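Here the structure is laid out as structure tokens; the discussion comes afterwards.
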Amino acid sequence: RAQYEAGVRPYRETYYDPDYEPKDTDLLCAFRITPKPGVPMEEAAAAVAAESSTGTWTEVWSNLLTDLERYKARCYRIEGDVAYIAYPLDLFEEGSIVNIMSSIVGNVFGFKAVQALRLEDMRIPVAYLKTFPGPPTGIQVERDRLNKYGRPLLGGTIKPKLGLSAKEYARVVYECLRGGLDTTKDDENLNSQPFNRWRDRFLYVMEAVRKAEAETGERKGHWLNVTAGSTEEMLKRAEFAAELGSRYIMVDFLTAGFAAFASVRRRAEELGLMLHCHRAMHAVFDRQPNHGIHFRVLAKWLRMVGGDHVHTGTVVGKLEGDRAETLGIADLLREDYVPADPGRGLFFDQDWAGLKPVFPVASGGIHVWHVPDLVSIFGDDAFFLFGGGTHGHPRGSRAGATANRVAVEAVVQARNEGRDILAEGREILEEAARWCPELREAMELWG
Amino acid sequence: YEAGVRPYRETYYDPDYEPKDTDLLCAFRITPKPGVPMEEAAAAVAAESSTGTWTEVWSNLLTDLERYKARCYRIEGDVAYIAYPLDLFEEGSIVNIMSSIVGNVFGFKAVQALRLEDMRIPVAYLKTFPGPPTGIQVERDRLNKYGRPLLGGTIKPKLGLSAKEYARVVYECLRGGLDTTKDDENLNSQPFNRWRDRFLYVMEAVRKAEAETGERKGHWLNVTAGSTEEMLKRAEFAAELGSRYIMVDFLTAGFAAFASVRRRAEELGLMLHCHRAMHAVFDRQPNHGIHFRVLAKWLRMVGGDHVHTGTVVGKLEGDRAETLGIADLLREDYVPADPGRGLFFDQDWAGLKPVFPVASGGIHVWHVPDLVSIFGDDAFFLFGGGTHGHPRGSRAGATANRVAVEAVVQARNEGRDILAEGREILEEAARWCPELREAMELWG
Amino acid sequence: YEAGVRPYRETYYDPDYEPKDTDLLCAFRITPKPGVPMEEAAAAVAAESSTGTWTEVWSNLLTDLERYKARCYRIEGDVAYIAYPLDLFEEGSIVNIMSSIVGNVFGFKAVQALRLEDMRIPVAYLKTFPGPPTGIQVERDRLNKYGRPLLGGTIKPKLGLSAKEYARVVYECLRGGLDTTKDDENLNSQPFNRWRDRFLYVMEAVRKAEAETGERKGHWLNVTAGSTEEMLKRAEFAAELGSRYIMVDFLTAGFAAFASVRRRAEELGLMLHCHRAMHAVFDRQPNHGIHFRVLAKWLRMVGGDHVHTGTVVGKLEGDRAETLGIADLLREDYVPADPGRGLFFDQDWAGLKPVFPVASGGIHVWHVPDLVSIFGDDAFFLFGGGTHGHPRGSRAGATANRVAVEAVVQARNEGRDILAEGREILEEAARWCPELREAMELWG
Ligand SMILES: O=C(O)[C@@](O)(COP(=O)(O)O)[C@H](O)[C@H](O)COP(=O)(O)O
Ligand SMILES: O=C(O)[C@@](O)(COP(=O)(O)O)[C@H](O)[C@H](O)COP(=O)(O)O
Ligand SMILES: O=C(O)[C@@](O)(COP(=O)(O)O)[C@H](O)[C@H](O)COP(=O)(O)O
Ligand SMILES: [Mg+2]
Ligand SMILES: [Mg+2]
Ligand SMILES: [Mg+2]
């Protein structure tokens, strides 16, 4: 019959500890808090750390059963608007993105105390980072498996988004691949529709894929969308895609969730499939700059659970983006050590513990005119996806795919002579179009 | 075929359209860019969540666009109505609904904000979903508890307790009056509390508490994990220990994994409580995200016996009128439209059995009268800190909450006005129950 | 590149290097051959357990060698410290550590004698290991025994006893007062006593003693076999017969088979006793082999609820100073360095649960006062010959050992100094326990 305080006390007297120094085995989270008026910054910040850790809204008698200072999180520093919170390594399950997200962003977002809250960044310790498998193949194995070096790998998204049948899907796929695009892909909403059933789409396009390979001499592919209602169907389509001879599968890793994505990733590696990830539904999180989760937290989670490719967004396309923000996200995927850059959105350093890099994928309303801006931001090791910029050509997919290939290859070659891309890209493209008719129509169409 | 970018307003906007009974209707509260009209923005969402793209493609002529394309048929100044043909969606997959409607259209340069308010699932599409395994009525029979809201509590602190101590806290709550308890949403498998020890320990407490009480008890074991196979392994372990219940975080785990776990859960004869963690990343702000009524619809479609609806008077933010609509949207067979409660569309549930709503948050005894007013008797009340925060331990806290609920319900059944007489009912009950007396004089 | 043979010192000896928190530090006791400097031998062992070889190869330039090479950073005259980076070792596998650290290095001509004294497991690498399935705390609840050492005993003779007679000795010892018994390390399945019969007969003896004594008994059935498939077949048969325990010779079976049996034991819910047979060939000599503190670290990581820590006062050798170090290396969450206790490095156990250290050998009642002093309340005292060697049988021998330990621990709990009053305490116990008298006056 032990006795305790049994009251209601502020969160900042047991969860705000400015003198704390974070360990190298601690999870560090940067939160962009907006408190309810009257409530102080340092009190709402302690609320976030309390309810992503052992805390609650009252003293409980169970607090004396176990030591609380060993496991409790604590907001160790506040820079006015950004509150830094340190989580012990003992609070998280080994090798599960679900728990690092069930706890950190579970209940802290819907509190009355905080009017709005954003998770700007997060430092994953090397101790926690090593319990994760990471990408199956990474960039370097990917390039060798495709036998393509020194060039941003191309790609298209077969349009119309929905409506095409399996026979008509495969003929468009063959047009893009024969045109010069290194790869195509299913659209994110095309799974098993009554007009484009998956068991027929998988069989049809791979005949188109294998036909284009025998005629061009290069190695092509097609990111079959294997997302489905459940993990069982997701694995069944992964199995069928492998035995058909495909090198690729695709998963909407956010709509399908992270547990299903991790389950598919293990099956995909066992079948020797390079797994492309689509970030659909990410814009619900990372759009508003005052609430949600920044993408670079999801970019860290993807590489942590394993994905050969992912969309980082295009800055100059038809979807929102920031150039400084994207550059940080690109190096969070492609590099091994990422020093903190305040001007590039990063708040912490990142030791990647030998985990292998991820291809950044630029997708959106990008045509030949975006190539000079696309090459500079991403460089050689990236994917350029021309969905509308290939089929939208005034002479079909094959003409559009060739023009896109010429534009990307001319600029990248031009970068080798030291020519300044951001000052001479227009003239470079005009010089290329002076001898490439397909690029001529594309340049005199979009502008 | 004429190449070139054309305004979206000419093809994917159609105000004179009358939606078929088999369409998938959606309501978007669009906030467009300056200089971009609502008509352009509304057609942008409908086109880009459907057959459309950012330009004109030669492959448009290959099939019939009008058969499949979405279209906006009504704009109420700020909210845009969009109709989706039934042939665009896979039969029984929440993921395709998510990856099509709420997948790509939110992150446009020309849409400063976009919130999916409500969407109407046609009966034809609804017939391909399994629905909740047990539902409200079968659950009440299985527990053998009728005519009152069921009580629960989150074992606290959230993390830190060992398996031995966790089962000791669980025993005190269940012995003290609570019908069920639950693992907290972040307690999956940690070094201080591994899952194979916690499952075996708290199930011993559940059986010990049940035998010494005479009532069926339960504990929502958290089978959430980092993979579908791991969760199915954890669900299987809980099943053969004799557990009635499991618990999955249906949003952080995902929807494909949630559907996989639901199918396995019904095979083992479990009752799958669902926790809505991370939902506030979506539904908090009023100008961006997805309203929880849409996420509440989807959960019932795929199947879940419980779901958190959000207590109105607790510590978590949540509206009162909108929560009433959600409670009707999860329990009732037919839900007519009600602009007061934010229900844009009329929803027919086509025989899908209902879902227990769960009210959890910073609630205590003082919130019992208001909670019973809102949720009636077919709901769960969770007192995480309102049980363990009692000045005399969990057994007293559980008794205080149990006495508070049973007293307020009895007065409501006797015809008293709960909203006006809650304080009087609670005082009259504390007049003969000390545990409730100490609970009230401590809080509020 | 320059091709040829080069001294090992030039590249793999870095006295200025500062070890990282993610490095794998080892302490090698080197005895160089007459005519080679100590650092050259220290550099040689570092290179031959890492990216190095005996000649400069053209393929070294293909990689950043300095990111992977192991280097010697401190020499203490005769002990060498080597720092192994984290990238060289596969996660979760003990076998890869021994393939690198204690592989080819022990056999080069330059280093005549080499012993691995201690090694530091970084927290980053340590986290990728499961640890003991149940540990100390959970097991005590599983047996419902607290506040005293747990008493067991090997069944003698080692080999020869038939299945029926073997279960008769087990019944006497358990009925007499022991908490567990155990199979002997070399009794897997022999023509005179097969495992199908031994497992079935023993589990009948355990249950009969468990029912008549009122407390929970057990028996560490040996599931060791020549293949992991056979071991798992025996592990499952022991599990469905109701046994609490299984026993594996974790050194003769091999670390891979041990990791496989440990994973299956946790799934089946079996406590896993580990026997260190063949460890002596490693750790007996003071100038060659592997110290048992390294094998104690390796065991706790890969898993195991018990390990034979060795008794100081017995027929088996073993120091006293190092024995306290190992017992702390198993049971404590953090183990600070102590050069007088043999520990070279600070060890952080990253939440891995502790392990019972088991003391066995040629011990009897006269050794109990010193045994309860070295270990304390958390250890197993195995009386193989001290239980059946009693003149009046094994039932009387079990009682004598049980009384001797429980009297000593109760005398410690009231302030008496055990090392000074062991004889007096044992005589006081013997003046009211006749069984203890005959054990005292036969082995005095
Ligand atoms: O759905 C689409 O619109 C695309 O197929 C582009 O088609 P177009 O190239 O014809 O526009 C891409 O998946 C989105 O841009 C994804 O954006 P993010 O990569 O930022 O997720
Ligand atoms: O984690 C918690 O805080 C709780 O256990 C409440 O325990 P207390 O009762 O001790 O606060 C609930 O799961 C969340 O509040 C969920 O809220 P929502 O239903 O809005 O997700
Ligand atoms: O084989 C034996 O001798 C024992 O059964 C003891 O029997 P007695 O009690 O009759 O000696 C033990 O297994 C060893 O002593 C263990 O050696 P270590 O402690 O070195 O692992
Ligand atoms: Mg797309
Ligand atoms: Mg909770
Ligand atoms: Mg032996």
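Each chain of the structure tokens is named A, B, ... in the order shown, its residues numbered from 1; ligands are numbered from 1 in display order.
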
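Within 7 Å of range 169-174 of chain A, once only C-alpha atoms are used and residues closer than 3 positions along the same chain are dropped, the contacting residues are residues 158, 164, 165, 166, 177, 178, 184, 204, 205, 208, 209 and 212 of chain A.
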
Exercise. Using only C-alpha atoms, which residues sit within 8 Å of range 344-359 of chain C once same-chain residues fewer than 5 positions away are excluded, as a ChimeraX atom specification?
Worked result: /A:90 /B:191-192 /C:27,117-123,126-127,130-132,134-136,300-301,304-311,327,330-339,378-382

With C-alpha atoms retained, export the selected residues as a compact mmCIF listing (two decimals), in the first residue's frame.
```txt
# COMPACT_ATOMS: atom_id res chain seq x y z
CA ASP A 90 15.34 0.97 -25.25
CA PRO B 191 13.70 -5.01 -24.36
CA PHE B 192 12.00 -4.16 -21.07
CA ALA C 27 42.69 -8.02 -26.04
CA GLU C 117 41.67 -12.47 -22.98
CA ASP C 118 38.64 -10.22 -23.47
CA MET C 119 36.73 -8.36 -26.16
CA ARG C 120 34.31 -5.42 -26.13
CA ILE C 121 31.00 -5.85 -27.95
CA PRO C 122 29.78 -2.41 -29.11
CA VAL C 123 26.17 -1.53 -28.39
CA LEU C 126 25.19 -6.06 -29.70
CA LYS C 127 21.67 -4.85 -30.48
CA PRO C 130 18.32 -11.80 -29.38
CA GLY C 131 19.69 -12.56 -25.93
CA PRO C 132 18.39 -15.16 -23.46
CA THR C 134 13.68 -15.85 -20.51
CA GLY C 135 16.59 -14.63 -18.38
CA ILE C 136 16.79 -14.47 -14.60
CA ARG C 300 24.67 -14.36 -23.47
CA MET C 301 24.38 -12.65 -26.87
CA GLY C 304 20.86 -19.14 -23.10
CA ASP C 305 19.20 -19.16 -19.69
CA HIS C 306 22.07 -20.89 -17.87
CA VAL C 307 25.75 -21.59 -18.36
CA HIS C 308 28.20 -23.57 -16.25
CA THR C 309 30.26 -20.75 -14.75
CA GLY C 310 32.44 -23.22 -12.84
CA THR C 311 32.96 -23.55 -9.09
CA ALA C 327 29.28 -13.88 -12.80
CA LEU C 330 26.30 -12.59 -17.03
CA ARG C 331 23.93 -11.10 -14.44
CA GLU C 332 24.67 -7.36 -14.54
CA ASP C 333 23.30 -4.76 -16.95
CA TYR C 334 26.56 -2.77 -16.96
CA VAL C 335 29.95 -4.30 -16.19
CA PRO C 336 32.71 -1.75 -15.48
CA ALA C 337 36.30 -2.73 -16.18
CA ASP C 338 38.42 -4.12 -13.36
CA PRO C 339 42.00 -5.23 -14.18
CA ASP C 378 20.98 -15.89 -8.32
CA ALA C 379 22.83 -19.08 -9.29
CA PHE C 380 22.38 -22.84 -9.59
CA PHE C 381 24.30 -25.18 -7.29
CA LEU C 382 24.57 -28.62 -8.89
```

Problem set entry | All helix (DSSP H, G or I) residues (DSSP, backbone) inside range 169-395 of chain A, as an MDAnalysis selection string | chainID A and resid 169:179 198:216 231:243 258:270 282:286 295:305 323:334 342:344 368:378 388:391

Exercise. Could you name the residues that touch range 315-322 of chain B at 6 Å or less, counting only C-alpha atoms, but leaving out those on the same chain fewer than 6 positions away, as a VMD selection string?
Worked result: (chain A and resid 110 to 112) or (chain B and resid 341 361 to 362)

Selection to disk with N, CA and C atoms, as a PDB file, in the first residue's frame:
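Below is the file part37.pdb, written as the result:
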```pdb
ATOM      1  N   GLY A 110      -2.663  15.000 -32.068  1.00  0.00           N
ATOM      2  CA  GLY A 110      -4.049  15.381 -31.880  1.00  0.00           C
ATOM      3  C   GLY A 110      -4.356  16.033 -30.549  1.00  0.00           C
ATOM      4  N   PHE A 111      -3.329  16.515 -29.860  1.00  0.00           N
ATOM      5  CA  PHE A 111      -3.515  17.090 -28.536  1.00  0.00           C
ATOM      6  C   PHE A 111      -4.106  18.491 -28.609  1.00  0.00           C
ATOM      7  N   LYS A 112      -4.994  18.793 -27.658  1.00  0.00           N
ATOM      8  CA  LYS A 112      -5.556  20.135 -27.562  1.00  0.00           C
ATOM      9  C   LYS A 112      -4.489  21.164 -27.217  1.00  0.00           C
TER      10      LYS A 112
ATOM     11  N   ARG B 341     -23.798  17.656 -38.866  1.00  0.00           N
ATOM     12  CA  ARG B 341     -22.781  16.703 -38.449  1.00  0.00           C
ATOM     13  C   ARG B 341     -21.743  16.436 -39.532  1.00  0.00           C
ATOM     14  N   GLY B 361      -8.983   8.924 -23.919  1.00  0.00           N
ATOM     15  CA  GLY B 361      -8.308  10.196 -23.784  1.00  0.00           C
ATOM     16  C   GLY B 361      -8.196  10.564 -22.319  1.00  0.00           C
ATOM     17  N   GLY B 362      -7.911  11.839 -22.080  1.00  0.00           N
ATOM     18  CA  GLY B 362      -7.789  12.330 -20.722  1.00  0.00           C
ATOM     19  C   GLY B 362      -9.130  12.481 -20.037  1.00  0.00           C
TER      20      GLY B 362
END
```

Exercise. Quick one: residues within 8 Å of residue 405 in chain B, only C-alpha atoms counted, chain neighbours fewer than 4 positions away excluded, as a list in words?
Worked result: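 Neighbouring residues, sequence-local ones excluded: residues 149, 368, 369, 372, 401 and 409 of chain B.
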
For this session: Would you please give, as a list in words, all residues of range 94-244 of chain A that DSSP assigns to strand (DSSP E) based on the backbone?
Result: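 Assigned to strand (DSSP E), within range 94-244 of chain A: residues 114, 115, 116, 117, 118, 119, 120, 121, 122, 123, 184, 185, 222 and 223 of chain A.
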
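Counting only C-alpha atoms and comparing B:324, B:363, B:150, B:239, the residue that lies closest to chain A is B:363.
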
Exercise. Got a sec to check which residues lie within 9 Å of ligand 1, using only C-alpha atoms and all ligand atoms, and send them as an NGL selection string?
Worked result: (:A and (156-161 or 185-189 or 278-283 or 310-314 or 317-321 or 361-367 or 385-392)) or (:B and (48-49 or 52-55 or 57 or 103-105 or 107))

Exercise. Which neighbours of residue 134 in chain A fall inside 8 Å, counting only C-alpha atoms, when residues of the same chain fewer than 4 positions from it are skipped, and could you give them as a count of residues only?
Worked result: 7
